[PDB]
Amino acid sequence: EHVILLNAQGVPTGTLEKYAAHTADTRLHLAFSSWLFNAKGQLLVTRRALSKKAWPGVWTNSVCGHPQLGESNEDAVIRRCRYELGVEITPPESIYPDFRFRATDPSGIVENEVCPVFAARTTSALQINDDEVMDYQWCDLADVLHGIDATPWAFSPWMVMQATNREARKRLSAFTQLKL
């Protein structure tokens, strides 16, 4: 697996081994983040496995990853949902295409990414992948947004930043409608 390196603009310049790319001096690369809702409109919240190199054991939104060479960001979203959560989804919607984030995790690992955000509905049961996800919960979005407001330091920083973007937040809200 690899990440796609971006120059000091969002322009691709090559690729780099995933593990080797994420260090204390991570270079800009392409990634995605997705927010998954069940038919009932509940949000799927997940907890990263203790073996994740970056933010292990942290509560975060549904699914994040790294598109590979020749992969649309949307295909990447479909793929990691399958791999991490075993789950089938509706076409991912772009809800924050310009999100960009750089940050250091509790042990020094840096994520530095161009990270378009999507939302989608699940259309199958989950088959959680324990090497990726150690715990999860189906929640009402309102509650989650209330927890993020009260104790943001208890969740991944990128979950908080995306959730507090006004336009992104309105998209999340729309997905709380019950859909059969």
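The first residue of the sequence shown is number 1, and the count goes up from there.
Higher average CA B factor: 101 to 109, of the stretches 80 to 88 and 101 to 109. Mean CA temperature factor is higher for 66 to 74 when stretches 66 to 74 and 38 to 46 are set side by side in the entry. Sort the chain's modelled residues by C-alpha temperature factor and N7 lands in the highest third, per the entry.
Ranked by Cα temperature factor within the chain, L172 sits in the lowest third according to the deposited record. For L30, the recorded CA temperature factor ranks within the middle third of the chain's modelled residues. Residue-level temperature factors show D131 in the middle third of its chain, judged at the C-alpha atom. Residue-level temperature factors show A142 in the middle third of its chain, judged at the C-alpha atom.
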